[PDB]
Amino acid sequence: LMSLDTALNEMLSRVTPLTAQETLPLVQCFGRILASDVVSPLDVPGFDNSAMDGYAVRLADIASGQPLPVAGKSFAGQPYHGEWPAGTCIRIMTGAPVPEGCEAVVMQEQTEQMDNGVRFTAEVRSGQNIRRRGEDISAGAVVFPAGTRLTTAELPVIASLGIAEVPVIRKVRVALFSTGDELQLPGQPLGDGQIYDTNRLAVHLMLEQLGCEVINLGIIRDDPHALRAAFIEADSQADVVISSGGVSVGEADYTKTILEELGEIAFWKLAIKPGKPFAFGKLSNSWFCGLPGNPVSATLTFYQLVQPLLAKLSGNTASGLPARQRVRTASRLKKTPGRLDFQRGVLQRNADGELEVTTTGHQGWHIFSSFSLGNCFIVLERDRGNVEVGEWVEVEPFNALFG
């Protein structure tokens, strides 16, 4: 019934980003969200300097149309600090500080040289090949705004301005547990109708990879007291508590009564596939997400719903999900109207060098192998029925959470 779009915007609208902060040395900042703007302490470049290697000149002497002899020279960090006789020109090398009153720079290949003067060529427009102090970054200006996810793209710039540490928002804290007498820990023996817990592992690797501090409270026993206890501990030290399975997502039962007792939880029926149910709301001091038991529904719900909510909590201003792109199917896809279907497929180059998707295989939720064989989702529009080789289709490549 309810649409992904609707639920996303209902979730994100209620959430307020964190703002607690700490200050760390740059080498510890990868993935972290700058808490305040970074402002440039210095000019960059720090003085007007030469774009090309060649000759520094006064627009005056260029109308002499007569060789100009080299009075002197200015290199890397050995400026020309002297008299500039009229009718002459300076040899200059890139990164080198222009000389006092220089009006332009000419690449030497645009000026045939000589053994007694420098003969120029194509008119020398003013300012040409001069990089003006603060042209790249002007001191006092805003290099990188608050809310930016720091990376190799940004951290090295910050180091270049001489800054050793920046303020970042604290890592989001998420608490995590599963429940059900059916669940068994790995290495323990599979009882009667029992299965090994996988969703909690799955939710844990993703949280850790998205940068959160995880608090894994393990498998809670099937008891209303064990369970209340677990929520009280989860809520007291996370911004977010996640049930990777077993807690209710709609079906009437005792977990559903503990959840209704401990906060405002809505139970949504999303029009997605795989999946459907998903639980969400406020507890006392945290937000609650509850996932379906199905490994495929869980993984998927977490990735399209929780992932973006953690993004926002983190202070991050960019939406933290990859962009989609339009690509040709190379496989007949089965898709039934009514539902936004996140199938998995494989994005690869054809002979022509253009991009095409193939289905992974069966898209049923009774397996996990689609996540490995795949490398993206084929996001079939809600109303679309079947698709034939060659139709167009939106594709959303997986991120680092899946390889």
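Sequential numbering from 1, following the sequence displayed.
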**Request:** Look over 110-118 and 142-150 in the entry and identify the one with the greater average Cα temperature factor.
**Result:** 110-118
**Complete:** Between 130-138 and 302-310, the record assigns the higher mean Cα B factor to 130-138
**Complete:** The largest CA temperature factor among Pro186, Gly293, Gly290, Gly211 is found at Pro186
**Prompt:** So among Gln348, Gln66, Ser372, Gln363, who wins on Cα B-factor in the entry?
**Reply:** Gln66
**Asked** By the record's CA B-factor, is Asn386 among the lowest, middle or highest third of residues in the chain?
**Response** middle
**Message:** Is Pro274 in the lowest, middle or highest third of its chain when residues are ranked by C-alpha B-factor?
**Reply:** middle
**Request:** Relative to the other modelled residues of the same chain, rank the CA B-factor of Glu165 and answer lowest, middle or highest third.
**Result:** middle
**Message:** Split into thirds by Cα B-factor across the chain's modelled residues, where does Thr94 land: lowest, middle or highest?
**Reply:** highest
**Request:** Place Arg344 in the lowest, middle or highest third of its chain's C-alpha B-factors, as listed in the PDB entry.
**Result:** lowest
